[PDB]
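Below is a structure I'd like to ask you about.
As written, the chain order gives the labels A, B, C, D, E, F and G, with residue 1 at the start of each chain.
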């Protein structure tokens, strides 16, 4: 009220590890329990699945040539796999870039390619745009 | 060889002053130009910095404007006295008030009619608040070196009452902090202190003893 | 104050003529052109 | 000029009212862009300023009569204490600054 | 009037950080369309 | 300046006032010296700027041109405006519709009545000459005062003579400072409430108020200011307020214009003006301290002496506008004031007005109303109402009787010698 | 409509979103039965600080139309992952998210900058675990200051309310 500063309570615990670590822990604890549901992709995954194919996709990117320093560019429209890519690129430490697809042309695409200078381009063929 | 060139330049100066080639505004190139108007002649006159140091008059911070309107001709017998007080106040305190307050915009007008009642319009930082219009009321027992200070006191208390009447000051405060600089058109001759900006600004620095 | 530089002396001169001729610095002398209305309101 | 703070007691010469005047810190002109002619005369005037404003024409403004004039007379504090301690308390109100009872 | 407290805010690093910031905004501006330009440079070299 | 309060459907016609050089301006200087009386009026008009050139945008149908005609001591400017205005009117004669030309009887009566008028026409003209020889004085400066009298200079000289007629200068600006606009508006509503029961609607329509905004040169618009009118424009608002007033009025020009003449000549009277008289402060509420609320009697007397003078030119100039053939060769030859205002009213309206003025003047003279201390007396207003109603109910039913009234009371109104 | 028909099948006990697409749900939720929403209890909408302040009557509209127990509004700049402060429907007070400090400072300091007077516009600094001081650019990966006190520059200017409320602004341009 008197001065401009605002603070929240500090009693809440803070998680400082990597992402893959909590994925492994949560995969050991609840293995068969559901993680995400998607009807339009027919995706019903457990924590089993998310761990398994997260690091599987990580290896996939490793053999596709990705390295811990460089970037990925991803234009995918509301899939599960952009999240999976979040985890995969987290595991190999590559910076993932997610750009909005709702207004996309050649010019700003080549702007993104100029900016991030990605190793990979995660794209579509037919994408749905308003 | 500085002395004779100096002489040369002085005689040259007086020559152009007799023949009307002399531009008195050259030091002032970077400043915006005040209103060319029938009452605002208090603006174009180059003010010594010393008598601006002499008249230090502050009003309430919530004042944004002071207008002084007076009739060119006064039909009324006492009309002349009122006009003279208004004229004197418009010439003596309008520029200084502006100078020190710096958010207050000050304008005087010579409006051409026979009317004996000059008035002063005070605006506060509220847009929603009506301006206060104070009449000039010379008492017939008061000369023109006294009544002017009386009008000054009236303007000060008017601005103060106008500023303490303000709906919530949070708004007025931020509007005040962000209101741009109003005293830019003032032309000041800095005499014996012109050498660096810090004594150009010397009227800002105030010594506070016994804190 | 004895000025050891010429500009020091014009400073001295300026404060001096602010002191001795002070009638120069009263507002009526600043207003010599207006003892009346503005100069364009006149006759020829 | 000026490196150190100093307090002075000055008398307004027109109305004879004593007010106090202070001189604060203003920095040396830059040592890296060097000017001997600036620095040295600044030094001599600094020494002068420190001693009672000996060669300086004092210019300030009276509070009791508000105008800027150089009529001021600089008083060393013993002359001040000679001037002050012989005064009735009602003329301390007129001649001196607030309080100073 | 203008006095500062004893524990006084720093001007040196605020300066270094803001002017550096200025330099990198300039870099952000200058780097727009860089890859195409650097593509044409090689073609001009080969032509020359 | 000759016909106040006459109004007509008009279109805005842009006119560039002068030619001047930015560095050295003769125009601006001479005007600013001579144009003081309505300054705000010169301040409000648009300033059109061209390379090394200055111009001011004028609306001919607006009262601005009339103000230029009155207050400008420059011959060539007012001459340019005059000639270009006459040329514009003559050029508009082809494009504009044929004049109404209501009745041959009115034309005959006006023709026979107009013949005698030039003796005193020479009197007033040589009076304008005597005023022009003395026109150069400390107060007013002219380029050549000895120069021959022309058709463009009439209004200016008229002003000089009226100012000379007034024992106290400047009565115009004094009375203006005293009289508020809204005050006279509300008191004209009171006048309507008392004179005509449940008549004259409520207020003027948007078209009429916009017209009056175009019919008046406005004042300083600054904070804490009340709009004020010159006595002449007070007479203008007063008669224009009477034509458009009446609700139950059928469509006839003479009947409803008679009210106009009545309220105009009511604004001419000293007692009414002094009765309505207030200061700026009492109406504005700024200063509750005032020695005298009412206009000083001398100023009123002066103001009244202003509007009465030059009856002959007042008659003849308007007589030119009765018919377009009468307006064809009399614009150059006959003394007249070119006005875009009366152009649209040319045939029926101007003539009917010319008769109505005389028919009202008969009432004014025969009743000796000018010196009446209380003009709001009941009997007076009753008789006034019945009078206007009768004269209105006559000419439609019987024309030649009204012709007789016009002629006889014309011999009465403007004295022969 | 297909969205509602899916979410009422999938048995979602609570869902997330933004105002602009809850608009479409509000258009087409009236066409369905009330009890079809019986599983939805709470809902969340996220707010960028340049929105300011989704009105609480809108929240009331959501809660009454979907048969909701509580509507949660989170707000914060995009650097903060859209959470700095938050409110419920029943609680209008803006509670800070835990482990978050928001301060508004002057311009003359980095670490040693001073807190302003709680209405005055000055720089904004956020300290929290979920706050990011890096941003990617044409040049590459970039970072603004994280200082000795642990706070972090956002390069944004803000105004604090008396009651907990942040208002972001563009940079000061006089």
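Assume contacts are C-beta pairs under 8 Å (C-beta built on N, C-alpha and C of every residue); 3 or more make two chains touch, one makes a residue touch a chain.
Enquirer: Quick check: which two chains are joined by the most contacting C-beta pairs?
Expert: A-G
Enquirer: By Cα centroids, which chain is closest to the centre of the whole protein?
Expert: The chain sitting closest to the overall C-alpha centre is B.
Enquirer: Please report how many Å separate the Cα centroid of chain A from that of chain B, as a whole number.
Expert: 66
Enquirer: With centres defined as the mean C-alpha position, give me the chain F-chain G separation in Å.
Expert: Taking the mean C-alpha position of each chain, the two centres sit 70 Å apart.
Enquirer: Would you mind listing the residues of chain E that make contact with two or more other chains?
Expert: 32, 34
Enquirer: Listing for chain B: what residues touch at least two other chains?
Expert: 50-51, 192, 207
Enquirer: Which chain C residues touch at least two other chains?
Expert: 12, 15, 18, 41
Enquirer: Name the touching chain pairs, would you?
Expert: A-E, A-G, B-C, B-D, B-E, B-F, B-G, C-D, C-F, E-G
Enquirer: Considering the complex alone, what residue numbers of chain F touch chain B?
Expert: Residues 36, 39-40, 170, 173-174, 176-177, 220, 222-225, 228, 279-281, 286-287, 289, 291 of chain F touch chain B in their complex.
Enquirer: Can you list the residues on chain D that touch chain C in the complex?
Expert: Per the touch definition, chain D meets chain C at residues 41, 55-57, 59, 68-71.
Enquirer: Okay, in this complex, where on chain B does chain F touch?
Expert: Those in contact with chain F are residues 67, 69, 71, 73, 75, 78, 109, 111-115, 117, 119, 121, 131, 133, 135, 137.
Enquirer: Touching residues of chain E toward chain B in the complex: what are they?
Expert: 1-2
Enquirer: Residues of chain E touching chain A in their complex?
Expert: Interface residues on the chain E side: 32-36.
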